[PDB]
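Counting in the deposited numbering, the sequence shown runs from 32 upward without gaps. Just below is one structure, and these are the notes that go with it.
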Amino acid sequence: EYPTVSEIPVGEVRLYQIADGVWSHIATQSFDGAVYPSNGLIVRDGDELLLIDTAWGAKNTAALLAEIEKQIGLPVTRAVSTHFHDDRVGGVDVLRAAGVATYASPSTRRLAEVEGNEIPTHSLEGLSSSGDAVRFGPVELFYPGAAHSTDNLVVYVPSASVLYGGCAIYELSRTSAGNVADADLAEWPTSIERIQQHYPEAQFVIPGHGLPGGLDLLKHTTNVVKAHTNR
Ligand SMILES: C=CCCn1cc(C)nc1C(=O)O
Ligand SMILES: [Zn+2]
Ligand SMILES: [Zn+2]
């Protein structure tokens with residue numbers, strides 16, 4: 032079964048095999064007085080691994096690398112952060128010290144700098160406009176437009192029809208928007224629609240936090256977001 036928040040002490044990381052050569056990583060972290068789970072992705076990239084997002088902090092990200100070495104045994108050589116918040120770049124300095132080349136879009140790198148968060152080394156070109164997509168090893172990177180944040184990316188693994196939605200996608204059980212300080216509530220439903228249009232055959236959809244599901248997570252997130260706009 033998919034690991035849940037109460038099963039992972041802060042500082043430990045679980046790996047979950049989704050398909051051949053595709054894993055999610057699950058960690059936990061405190062935020063505003065509570066502990067939350069958080070998802071990232073690992074994809075086999077030939078003899079190497081591509082990492083999508085840190086495990087939300089330096090300690091968790093170190094545990095992530097150790098679990099990968101123990102369970103998979105291939106080197107993590109590149110990482111992509113899908114926006115500038117700490118559950119996505121927190122741990123970049125550990126990745127860099129371990130030998131991982133870290134990447135994000137120019138906007139994400141800039142917003143991380145403005146926020147005082149860790150900054151991926153390398154800029155991803157070709158993602159500056161809504162609807163832009165680029166290839167990056169075994170995945171496609173997609174910028175759907177502003178949603179959870181103005182810079183948020185999603186990631187598709189064609190070999191397995193896996194869609195990693197990041198924090199722009201909510202889990203089914205999450206019924207309130209919660210913290211949306213950096214969100215663009217007006218654009219978020221439109222951005223979700225671009226994800227739907229671009230990946231209509233996604234069979235496994237991973238939210239930024241919580242249990243994976245299917246394409247139903249997209250309408251579910253629009254429902255939550257629009258309900259927040261009404262009142
Ligand atoms: C779900 C957790 C509560 C709010 N939150 C904190 C962080 C790092 N990320 C989020 C988010 O909503 O994406
Ligand atoms: Zn975020
Ligand atoms: Zn988040």
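C-beta: ideal position from N, C-alpha, C; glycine also.
| Check | Outcome |
| --- | --- |
| Name the DSSP beta bridge partners of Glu43, please? | According to DSSP, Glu43 bridges with nothing at all. |
| Of the choices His229, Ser207 and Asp63, whose alpha-carbon is the least far from that of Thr253? | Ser207 |
| With respect to the alpha helix (DSSP H) encompassing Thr133, which residues constitute its N-terminal and C-terminal limits? | Note, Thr133: premise wrong, no alpha helix (DSSP H); beta strand (DSSP E) at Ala132 to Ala135. |
| Express the C-alpha separation of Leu82 and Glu218 in angstroms, rounding to a whole number. | 28 Å |
| Should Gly239 be listed as close to ligand 1, given that the test is whether its C-beta is under 7 Å from any heavy atom? | yes |
| Can you confirm whether the segment 135-148 touches the segment 107-121 when touching is taken to mean that 3 or more C-beta pairs between the two stretches lie within less than 8 Å? | yes |
| Short of 7 Å in beta carbon distance, which residues of its chain neighbour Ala132, apart from the five on each side in sequence? Order them along the chain. | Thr108, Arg109, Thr152 and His153 |
| Any heavy atom of ligand 1 closer than 7 Å to the beta-carbon of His56? | no |
| Quick check: is any heavy atom of ligand 1 less than 7 Å from the C-beta of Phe115? | no |
| Provide the residue span of the alpha helix (DSSP H) that contains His229, from first to last. | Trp219 to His229 |
| Report the three-state DSSP secondary structure of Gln102 (helix, strand or coil). | helix |
| Buried or exposed for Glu149, please, with buried defined as at least 16 other CB atoms from any protein chain shown within 10 angstroms of its CB. | buried |
| Between which two residues does the alpha helix (DSSP H) harbouring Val123 extend? | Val123 to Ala129 |
| Measuring only the C-alpha atoms, how far is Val193 from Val44? | 21 Å |
| In terms of residue numbering, what span does the alpha helix (DSSP H) encompassing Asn254 cover? | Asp247 to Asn261 |
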